[PDB]
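What the sequence shown shows, in the authors' numbering, is residues 604 to 874, in sequence order. Inspection log for the structure reproduced underneath, given as structure tokens.
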Amino acid sequence: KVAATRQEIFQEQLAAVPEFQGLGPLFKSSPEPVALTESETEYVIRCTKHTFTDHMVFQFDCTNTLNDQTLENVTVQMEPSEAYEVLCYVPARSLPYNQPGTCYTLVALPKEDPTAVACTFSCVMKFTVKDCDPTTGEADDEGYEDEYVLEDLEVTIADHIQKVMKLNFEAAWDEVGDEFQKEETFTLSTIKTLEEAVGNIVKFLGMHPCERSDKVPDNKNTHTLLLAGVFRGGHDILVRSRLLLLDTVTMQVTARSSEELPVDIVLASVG
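Pasting the structure below:
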């Protein structure tokens, strides 16, 4: 079968990696690579996040832009804030002048507290530097070990959810059930408008606002936002947020899912 989507391409590339043979199917990949260095500098490091049921793989497309050297055995070391355990480092064997290469870092999602999906990673690329002839590409037999600090990488609940447009929210909401329904009220102390509030939550949760829910009528004090998506693992996750505008914005967030974990993850992340 031939890949026809961006995810299928990624699934193919990841499946070809030896160290990843044990992983189940790819749940999702970030839509756009995030640059981990400033533009026009020595290196170009673009990271893509791949989410699996119980793990995450971080893909780093690296480019060495200096012609008098070559980097080898390149990886990007990661130090997490939360309990994400780094399990494996797959190096880019060689990064000659202007020839992009790829390395990966595999990690386990937090076990103790399944709720700590948010996390910040300190990133440092480790490599072997070898002198190179500016016009032969021939790299010396030996070199030395060096490092290069990169911007931090951020993982959020949005990386654990895939958005989808449900036929009927009313239907899906009843279809899923209320066995694991839960509610929590939060106050957005700094937001003073419903339009902004709705905006921030839609972007933060990475879910799809159904029934034009993201459209807030002119001059109102209350609004109901309806969000839908599929959580890591394949279980549907629905969220209803009833917003109230007073001095600031407050909201009653109710979530539903076929399983309990998704609901607990969402509520614990919004506050």
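Heads up, the beta-carbon is just placed ideally off N, CA and C, and yes, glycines get one too.
Separation of residue j from residue i, as counted between CA atoms
i: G627; j: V710; result: 14 Å
i: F623; j: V605; result: 21 Å
i: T851; j: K769; result: 31 Å
i: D755; j: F724; result: 5 Å
i: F661; j: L690; result: 12 Å
i: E745; j: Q672; result: 12 Å
i: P636; j: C726; result: 15 Å
i: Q680; j: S792; result: 37 Å
i: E757; j: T654; result: 13 Å
Distance between beta carbons of residue j and residue i, contact taken as under 8 Å
i: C706; j: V752; result: Contact doesn't hold; Cβ gap of about 16 Å is too wide.
i: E675; j: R696; result: 6 Å
Simplified DSSP assignment, three categories, for residue i
i: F663; result: strand
i: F724; result: strand
i: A742; result: strand
i: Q610; result: helix
i: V758; result: strand
i: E787; result: strand
i: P865; result: helix
i: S872; result: helix
Residue i vs residue j beta-carbon contact at 8 Å
i: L830; j: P812; result: yes
i: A719; j: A761; result: no
i: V856; j: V866; result: no
i: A871; j: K785; result: no
i: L808; j: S816; result: no
i: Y692; j: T666; result: no
i: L846; j: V805; result: no
i: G874; j: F783; result: no
I'd like the ranges of any beta strand (DSSP E) spanning at least 3 consecutive residues and lying wholly in the region 771 to 822. 785 to 791
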